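Read the single chain below, which is given as structure tokens and is the form deposited in one PDB entry.
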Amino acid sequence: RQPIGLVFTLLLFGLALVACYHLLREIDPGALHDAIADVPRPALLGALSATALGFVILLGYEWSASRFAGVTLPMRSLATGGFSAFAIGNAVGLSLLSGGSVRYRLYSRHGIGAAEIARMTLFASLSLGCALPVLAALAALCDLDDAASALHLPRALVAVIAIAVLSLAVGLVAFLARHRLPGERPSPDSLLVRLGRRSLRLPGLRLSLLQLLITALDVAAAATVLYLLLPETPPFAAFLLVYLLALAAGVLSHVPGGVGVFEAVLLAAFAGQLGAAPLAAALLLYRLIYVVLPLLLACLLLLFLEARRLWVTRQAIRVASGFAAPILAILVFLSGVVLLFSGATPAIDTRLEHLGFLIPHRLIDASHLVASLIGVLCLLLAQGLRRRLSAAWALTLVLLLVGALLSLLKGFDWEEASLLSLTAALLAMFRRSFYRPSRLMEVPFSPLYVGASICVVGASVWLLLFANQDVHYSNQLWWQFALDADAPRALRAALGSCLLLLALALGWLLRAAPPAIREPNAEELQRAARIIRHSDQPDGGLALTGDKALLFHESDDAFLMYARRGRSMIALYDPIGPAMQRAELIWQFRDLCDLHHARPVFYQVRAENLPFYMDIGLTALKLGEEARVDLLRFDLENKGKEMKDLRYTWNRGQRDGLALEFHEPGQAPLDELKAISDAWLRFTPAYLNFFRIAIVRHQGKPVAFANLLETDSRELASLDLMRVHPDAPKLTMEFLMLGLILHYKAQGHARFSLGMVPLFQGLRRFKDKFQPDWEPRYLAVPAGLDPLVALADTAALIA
């Protein structure tokens, strides 16, 4: 899907550029500049105002999603999440940080579930998508003659299509209303409908209406931004209709911003009626005001909140996995786009005139080329930053400063230099955000990032051809080094960019194959055992089975056991070591999974590392609850119903003649354990002789055994393998672990772990007999929240 989807995305973008070139044949870059200058200042204020209104409506859009999801959030939190997610989501789309990814980060702080947020994201997306046909139909149905003239279709055709769409919408609403199950309601404003296979959660009448009203105002507001920037305008009904179709085409095309496809359609519709230059100027200004501007504001806002959190919560925040790294990857990517577009466009004659006296003329040429190559590097380094490489931070920050310098030496492009400098100043402030000391050469290949780069380089060549259309091409142009010669500087830059991008991409893709997964050897198992001993986490013991691969840190003070099953790679627990070692290992695991084209899964993780799993792009699903008794507050002279039942079980066990014995590793009765294991029925001598075995006996004869996970420290201890005979008494097993607890209390252990119960009722009650302290265990899995998949699933179930 990914490769095909990316290829058909690039083709659509490419075709759209070709379309836009042909539609702007009769216009020169002069006419465009005049058209941009022409639009009056009241109109720009009108646009900016309409933009502000149009983004206020999206906050109410976010509110409706919270009501649907049944999520209570503060107003300031919904505001920030609403703005940032819609601002970034609309701009970059899927390429970099998406709407869902923003929502999840933001709304995980307040303890909103991963399921809830996913349900908020889907509602936010689908509601526009499914309203767009209805809104379009209604728009066309007012003044059909104008709508017909705009689309250049028969009046009868567009009439029946509009009617058909409305009728189908009504028919659908009536159908899903038919299967409305009464009684139960997930949230105040929701329904649960049944179709046979799956239950489906839909909004209520009141919420459906409100959402449609919000969607209506939002579209109108957005279209209004473009309507005000047009000197001469068509009837609004037809204009709105076209805008909605163009918007649809942009969405379906899966082009990040909707760029190219949106413009192409608008241009196509109103090529002749309005004129190219006014429309092309309006479309450009529309993009800047409604798309780019709120993105920058959102980016800044999120950086501001990150910076603030670092200032106030200095102690709490340690490793730093927040918003800075994604956001700064965007800004650095945009910085590369600026450099590349600046190069394609010719310089101002006045600046070159004077700068010719300050600089050698042949250095202007050198500066111009180098700036364009730095531009390409900026596009690719955006990935490195996203993965929190410190090498990527240092290298970027150098290139941005050099790129800002060569921007001034090029054609005194002080606007390009100012943006690049400002990006550098931001990237500098967040040095600690990029903490990984991995090589840049070992970053896994990302088709998306390469695809995005190719699009930008494509767009720049489109801009080269447009901006330098006054000159007659020739074979000699490439070798002209003059000052007035602007077109040769474009050409040479364009070629340089394309060749570098090609070279790097080939150098990236044609790389040595990654080593195959192998079970650990004796040395590694011994080294793992060492780490487990000099650590807190005893659950690490399962590593020493030697049936699952071990991934070691560079310092070799931490590891992370995992195993490949099907098309996924499941880690068994959190990494084993300090917080920083944990963070580097989690990123190492993501890297390893990306090199093997496998889905990174984490099994049974604690809540403390959830932000790091968020960072690499996983969602915490509530797997089960792990119970662990506290030995500090546990005492055998206390009172309680369950406590009295336990003391009864204990004393009855002692009177019966049950005895408990502890054997250190090496001196275990292997013959007995084997016989017991066989009677019950991994169990290997190598695995067993790593741990201390507690054997309970009934009148001398061994009645059960249990190996004990334990570290050199006394913070925690657990039990993995534990088997009892069928013929053994029922209270013997309960006596055993009670004896274990007593022994650990004598040794002076802080805590003791029993185990995890998923979602079992008998096991849950049995654990609850000891009155333990519960703690949630999570499962981390990738965020598969594609709107199209969900809509296709809905449509399939309905049909």
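Shifts are known only where both forms have a C-alpha. Between two forms, the rigid core is the largest collection of C-alphas that superpose within 1.5 Å. One rule holds for the numbers: they count along the sequence shown, beginning at 1.
- Modelled in this chain, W774 is likewise resolved in all the other entries of the protein that span it on both sides, not missing from even a third of them.
- Modelling of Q761 is missing from a third or more of the other compared entries in which both of its neighbours are modelled.
- According to the entry, the deposited sequence places 10 or more unmodelled residues between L759 and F760.
- The deposited sequence places no unmodelled residues between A516 and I517, so the chain runs continuously there.
The same protein also exists as the form deposited in another entry; that form is not shown, yet it is the one meant from here on.
- Only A790, out of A19, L779, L10, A790, shows a C-alpha shift of 2 Å or more between the shown form and the other one on alignment of the rigid core.
- Put simply, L785 and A249 spread apart in that other deposited form: their C-alpha atoms are 3 Å or more farther than in the form shown.
- Wider separation of the C-alpha atoms of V456 and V789, by 3 angstroms or more, is seen in that other deposited form than in the present form.
- Displacement of the C-alpha atoms by 2 Å or more across three or more consecutive residues between the shown form and the other one, following core superposition, is confined to the single run 785-797.
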